[PDB]
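To start, the structure itself, in structure tokens.
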Amino acid sequence: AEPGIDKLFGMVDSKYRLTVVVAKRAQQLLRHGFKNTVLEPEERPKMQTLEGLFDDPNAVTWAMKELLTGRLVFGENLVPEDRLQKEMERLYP
Amino acid sequence: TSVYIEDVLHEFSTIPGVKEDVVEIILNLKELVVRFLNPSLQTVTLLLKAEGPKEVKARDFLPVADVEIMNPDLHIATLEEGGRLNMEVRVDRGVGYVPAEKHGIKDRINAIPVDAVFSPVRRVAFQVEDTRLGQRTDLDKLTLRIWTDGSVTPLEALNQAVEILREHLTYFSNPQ
Amino acid sequence: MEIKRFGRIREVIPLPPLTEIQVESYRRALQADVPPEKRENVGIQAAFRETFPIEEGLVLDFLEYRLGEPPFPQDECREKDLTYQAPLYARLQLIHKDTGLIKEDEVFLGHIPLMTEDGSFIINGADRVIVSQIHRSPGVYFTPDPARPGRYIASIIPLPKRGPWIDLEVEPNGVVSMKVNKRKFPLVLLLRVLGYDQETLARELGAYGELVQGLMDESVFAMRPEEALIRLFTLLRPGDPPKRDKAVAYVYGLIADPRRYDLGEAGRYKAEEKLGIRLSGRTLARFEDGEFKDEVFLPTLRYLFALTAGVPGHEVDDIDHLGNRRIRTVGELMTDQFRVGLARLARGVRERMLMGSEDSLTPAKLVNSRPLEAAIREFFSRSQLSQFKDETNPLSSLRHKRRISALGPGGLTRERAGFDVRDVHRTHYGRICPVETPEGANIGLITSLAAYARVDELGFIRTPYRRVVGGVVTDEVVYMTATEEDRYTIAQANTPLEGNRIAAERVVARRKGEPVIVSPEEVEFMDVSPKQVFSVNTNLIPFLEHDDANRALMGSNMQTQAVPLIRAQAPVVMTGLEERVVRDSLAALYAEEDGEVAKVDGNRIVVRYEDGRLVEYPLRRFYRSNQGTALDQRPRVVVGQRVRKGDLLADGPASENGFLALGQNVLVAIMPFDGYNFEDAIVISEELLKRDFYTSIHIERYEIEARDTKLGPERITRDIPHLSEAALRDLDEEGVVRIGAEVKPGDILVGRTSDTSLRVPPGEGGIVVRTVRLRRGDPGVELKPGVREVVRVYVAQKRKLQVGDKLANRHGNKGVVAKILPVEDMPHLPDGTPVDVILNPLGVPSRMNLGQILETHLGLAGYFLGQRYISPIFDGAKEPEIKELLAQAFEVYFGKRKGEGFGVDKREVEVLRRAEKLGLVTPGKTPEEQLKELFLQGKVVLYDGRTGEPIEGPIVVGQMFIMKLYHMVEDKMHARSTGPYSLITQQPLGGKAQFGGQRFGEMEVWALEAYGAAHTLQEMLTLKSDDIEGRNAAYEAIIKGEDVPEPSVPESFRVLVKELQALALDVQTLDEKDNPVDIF
Amino acid sequence: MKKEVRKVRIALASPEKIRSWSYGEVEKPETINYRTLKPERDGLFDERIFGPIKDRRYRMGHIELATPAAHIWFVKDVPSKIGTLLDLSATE
């Protein structure tokens, strides 16, 4: 199965919630550059023959791992709509 | 490894004056066994071609000094009258089994490869009988009986394997 | 190798020509072998006498018929898509009412196909088959009333399809009814039309049936003789003049309607036998002298008042009863269609007399092949009856060559009313193999004929039966009719015998289709053999007696889907029919007579017969099978060798030494592996793939024709509008690809122009073997219109069993091939020799088919004893005898171990140790004996090979016979991602360089909907299909490493909006709060 | 404020609106001239009433019929949408 999938379902008020959350953060990780992570120090995802999976492995694979830690916060109306790609593109190259 | 017949295009054909069809002979070929006498003989190719009524024996081949054929009686084919027997027998000394469509040997433009039939081992078996000497009866007496096509004798095969083993045992050196 | 058969029953008369069903049927049908001197009748000739005597004055009759000069030889027709027919001439003369003229000029009308040595036909370049059909022999039959348990109802049905369906229903309210064309009427009326008068009627009629007053009622109408007819017509719905237009009536005279079947059996049977007696005429005819005589109406009713009253002999005919069910062999079917063309031919000659220009015409003026030829060509190529000759292998064709079905012309059996005929009836006994029916739908509707069972003068499949006087068995036998059979008491062939007399007193026998126990005194007959009970297709199973009819049915058909493996191997166990099979099947060729071998060339065989003569035989090297396979002939003889008449010259596609060999007898060690043999999974040792055990030859016929469009005819040539040379190399000739070339997926074989070159379709092709073209100067080929020329490309390759391979056993155990573990870590026998195939025991219980378990054991001895066995169906070997020989084998396996200087192994100890704790071996005995006693059970010690640690508990081993099936992995391997699109709609269809992604169907979607995969779903309905925008948009993002495009609006959305706008529909897209929403 | 769609309206289209979403009216059954693969003026494929054929199936036009016609649907449909509207013999 998938990593602490259970711990995830317990963080969301609905199964389907998780999905939409995992997908949205997954994109923001690649589009807005791959340096928006929050667990980059240690225990960061790795590869095989070359543990180069420290930069660009798989979107979601990272998204969930991020939720693994209560570092992020989610909700229905947390941050203003448009104020999304505005504060993100300017903070990250 | 591969063969090329003069009067042939595909392995699914047949030559006049020739009893057995292509595939039939080709099969009787892999059934052949040869012996090299030097680590250099990595690639050898023989040739043979007789005519008129006669039993096409593997022995009829043209001796090639070093390499020897331990399979004389091998009845490869037979020619009726004026059988245009002409071929190109590529022989190699690889290891194990190898798909004829995996290597793709092209000695000649219209030559068709074959499959690997190395491993000079027919069948092996080990017997772990009781003990014979020692004040203890809970001992063993291993005894293995092997069979080889002809290339390498039991001993040969024996040492080799045992060695491959030894060498492998060293890989467990540099930890992590 | 040694050959031991356990035949206890003295199989008297050998198996008849398994193909005589089609053979003679065509022969007798068209009497051509012997001159018109040997005036037979039935079939062709009879067809003439029928609609030949034409008189409108037009007076032309039949004289002599001859022909049979096949334009081109066999093969020619195949490769040239030609039709194997035969010029049909005809000799006839004309005589006028004005004495004179005798114009008899050879008049021919179209050609007719012919039956191949094997019993097939070559219509248009392809070999087809004329399957037989069943039905209810057009006769008189009485069966109970529909939903009314009251009385009963009579029925008369004289085919061909042009025979009115007359019925006799006893209307209780009064009077009898006669159903015809959906209308009932007082039979009395008709009777009067026949001359039956009130007095003479009643008296000799209802003398016993007081119910007679139900027809002797007419005292107003039945008082007018001939006048009755006038009235009868009034019944006919049409409003035609009451004149002498006695048409419809005369129709049921002596012409066509009443079956014109043989005057003695075909019709007389259902006559004399059931009711009435003699058959005046050929049917209820006689329209001479104005009046009409029908010794048919009297009886049909005389039998009616009979059952509805006393007991003249309980006449309540049964439906399914074969003793009233006729068959339609090739001859009948063909001759039938023939009569059609004849009637259609006579159609003209008649009209070509009214407009005839006096006595200045006779041959051409009255003849025209048009009608005749047309019919014939319709039957042999447009009738559902004729089919694609299933040549998956020798056996396959043979079965499809003698199969039978109900469905057909329609006037016999339909499709939505037969759950009754589908089930095996009592009469099917030895007439129709109960386990020969196909799978899936239509099951039962189609099922081949039994074994020895053969057709008679008119369908009715008879069967052999042993005569017996008291307790003595007669060596004589006769084919009894499904009817007369019940008349006697037949006993089984199991019944112990002492030379020529019965054994025990309590003998088993079948009375009237019912299993009963009778004494050696009432023994009227006895079964000829267990064989005649089932058809060949099944008579090939090892120990049928140990498998369910259900699972047997499987293995039965499975053999038909077998593939002609290169290294043929006759089953370790044989039913003894393999020799006969390959013979009547014509898979191999036998020497015509005794003599000596001459030329033993790989392509030609020559021999010099003792009767002072010499003949050669064409050796079809590698012919393209109808199902794409090998069809070679391996010469099993050598130069100069005294041969006997009918000796094995060259082997058939799947034959070996005169013995059928559809597969191989590989070593098997039935036992559960690392799950690799889960459901039906089948493991396998690389060892087999090494010595090219399981492998076959496949071919692919890709054809290409040079069309002739009005936009510039297409030309065949190396001219490629894309200056590609890296592909023109192999394309040596001016268009065609070189012979012996290695074409690969995508390369070109032939070059078309207007560049429509025929490339190598997806998957593979193999190595070309032979190709031929057809220019304009047609040496004698029927080049289709609009075609300038045509070309064929015969490509092929080897089928080396891999992973997706599937193979089953003669017992019906099918299964795919999972992993193929190498001989290295393959479970081996204590003394080397590893195993070959590992079957999972779990597939033995639920599937009650112990037969295999038997063949294995039997085979386990054949390996050491070095021999093969032949076990009759039910007379096969028995448990005792086996253990005897098997034991003998032990003295060979272990017998040598002794003298060599070695005893048991420490491993063999631990195993036997648990053997005793498993009650397998008798404790207290010596290891030696323990292993022996255990060997007799068919189980032996077995080492892992992977770990060397033998598996605790013997593992039953032996040589089971398996085989690969037609279904390969080639026809399945669709791997698409980016390719073509539907020129019409917008679907990823491939076909050329790429492939086409499987459909999705609403079903799959639903499930997808369930999951809630909104996007995954929306992705499949758009980005991966219709909306081409998002498709490419997506391709870019992907190749660019950017998130896939999120379709804002599927092309289907906006297109429909306006699509509706196009017609009124003011489709207005509002937002969340009743507000406009920009669509584009 | 480009809130996704949630509502779909279906109603009769007024002649006025007919021209509304119309960008030009073809008034000649001239599909495409045979001399030039280019459409014939105000034909069924004009590049002005619909648009460019290169770098067009999202723009509609109309045919102002001389004398008013009728949308068979509102007359032939089982319940004479209009016939029953004016009591007239719904089908006759």
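Chains as they are written, first to last, in the authors' numbering: chain E, 2 to 94; chain A, 54 to 229; chain C, 1 to 56, 63 to 760, 787 to 1112; chain D, 1 to 55, 86 to 122.
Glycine included, every Cβ here is placed at the ideal spot set by N, Cα and C.
Which residues in the same chain as residue i place their Cβ atom closer than 6 Å to its Cβ, once the five residues preceding and following it in sequence are excluded?
i, result
"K280 (chain C)", "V146"
"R89 (chain D)", "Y23, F50 and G51"
"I799 (chain C)", "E748"
If we cut at 8 Å on Cβ distances, does residue i have a partner in chain D?
i, result
"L1055 (chain C)", "no"
Does residue i come within less than 8 Å of chain A when only Cβ atoms are used?
i, result
"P862 (chain C)", "yes"
"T803 (chain C)", "no"
"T865 (chain C)", "yes"
"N845 (chain C)", "no"
"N563 (chain C)", "no"
"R824 (chain C)", "no"
Taking the alpha carbon of residue i as the point to measure from, which residue in the options has its own alpha carbon closest?
i, options, result
"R198 (chain C)", "C:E224, C:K930, C:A381 and C:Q219", "C:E224"
"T469 (chain C)", "C:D426, C:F540, C:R507 and C:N187", "C:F540"
"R650 (chain C)", "C:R614, C:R791, C:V756 and C:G601", "C:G601"
"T89 (chain C)", "C:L107, C:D111, C:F68 and C:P119", "C:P119"
"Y214 (chain C)", "C:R237, C:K928, C:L313 and C:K188", "C:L313"
"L192 (chain A)", "A:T201, A:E182 and A:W200", "A:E182"
Counting only C-beta atoms, is residue i closer than 8 Å to chain E at any point?
i, result
"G931 (chain C)", "no"
"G1044 (chain C)", "yes"
Please confirm whether residue i has its beta-carbon closer than 8 Å to some beta-carbon of chain C.
i, result
"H221 (chain A)", "no"
"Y88 (chain D)", "yes"
"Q49 (chain E)", "no"
"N163 (chain A)", "yes"
"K111 (chain D)", "no"
"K106 (chain D)", "no"
"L31 (chain E)", "yes"
"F171 (chain A)", "no"
"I93 (chain D)", "no"
Say the cut is 7 Å; is the CB of residue i nearer than that to a heavy atom of the ligand GDP?
i, result
"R512 (chain C)", "The ligand GDP is absent from the structure shown, which contains no ligand whatsoever."
Which whole-angstrom value describes the C-beta separation of residue i and residue j, a residue pair presumed to lie in contact below a C-beta threshold of 8 Å?
i, j, result
"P152 (chain C)", "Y158 (chain C)", "That belief does not hold up - the Cβ atoms of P152 (chain C) and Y158 (chain C) are roughly 10 Å apart, past 8 Å."
"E141 (chain A)", "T98 (chain A)", "7 Å"
"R648 (chain C)", "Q639 (chain C)", "In fact, because the Cβ distance is near 21 Å, the residues do not count as touching under 8 Å."
"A99 (chain D)", "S110 (chain D)", "17 Å between Cβ atoms; not a contact."
"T495 (chain C)", "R473 (chain C)", "So it is not a contact: roughly 12 Å between Cβ atoms."
Using a Cβ-Cβ cutoff of less than 8 Å, which residues in the same chain neighbour residue i once the five nearest sequence positions on both sides are dropped?
i, result
"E2 (chain C)", "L897, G898, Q899 and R900"
"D81 (chain C)", "none"
Excluding sequence positions up to five away, which residues of its chain have a Cβ less than 7 Å from the Cβ of residue i?
i, result
"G7 (chain C)", "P904 and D907"
Using a Cβ-Cβ distance under 8 Å, would residue i count as near chain G?
i, result
"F1112 (chain C)", "Looking for chain G here will not work: the only protein chains present are E, A, C and D."
### Task
Would you be able to state if there are at least three C-beta pairs under 8 Å between the stretch 91 to 102 of chain C and the stretch 136 to 146 of chain C?
no
### Query
Counting Cβ pairs closer than 8 Å, one from the stretch 540 to 555 of chain C and one from the stretch 434 to 443 of chain C, do we hit at least three?
yes
### Message
Three or more C-beta pairs under 8 Å: does that hold for the stretch 482 to 496 of chain C against the stretch 521 to 534 of chain C?
### Response
yes
### Task
Please confirm if the stretch 573 to 581 of chain C is in contact with the stretch 662 to 670 of chain C, defined as three or more CB-CB distances below 8 Å between the two stretches.
yes
### Message
Measuring CB atoms only, is the stretch 679 to 699 of chain C touching the stretch 872 to 892 of chain C, in the sense that at least three cross pairs come out at less than 8 Å?
### Response
yes
### Task
Decide if the stretch 45 to 55 of chain C is in contact with the stretch 346 to 355 of chain C; the criterion is three or more beta carbon pairs, one per stretch, under 8 Å apart.
yes
### Message
For the stretch 103 to 111 of chain C against the stretch 371 to 381 of chain C, do three or more pairs of beta-carbon atoms, one drawn from each stretch, fall closer than 8 Å, so that the two count as touching?
### Response
no
### Query
So, do the stretch 163 to 182 of chain A and the stretch 129 to 137 of chain A have three or more beta carbon pairs nearer to each other than 8 Å?
no
### Task
Please confirm if the stretch 950 to 970 of chain C is in contact with the stretch 847 to 856 of chain C, defined as three or more CB-CB distances below 8 Å between the two stretches.
no
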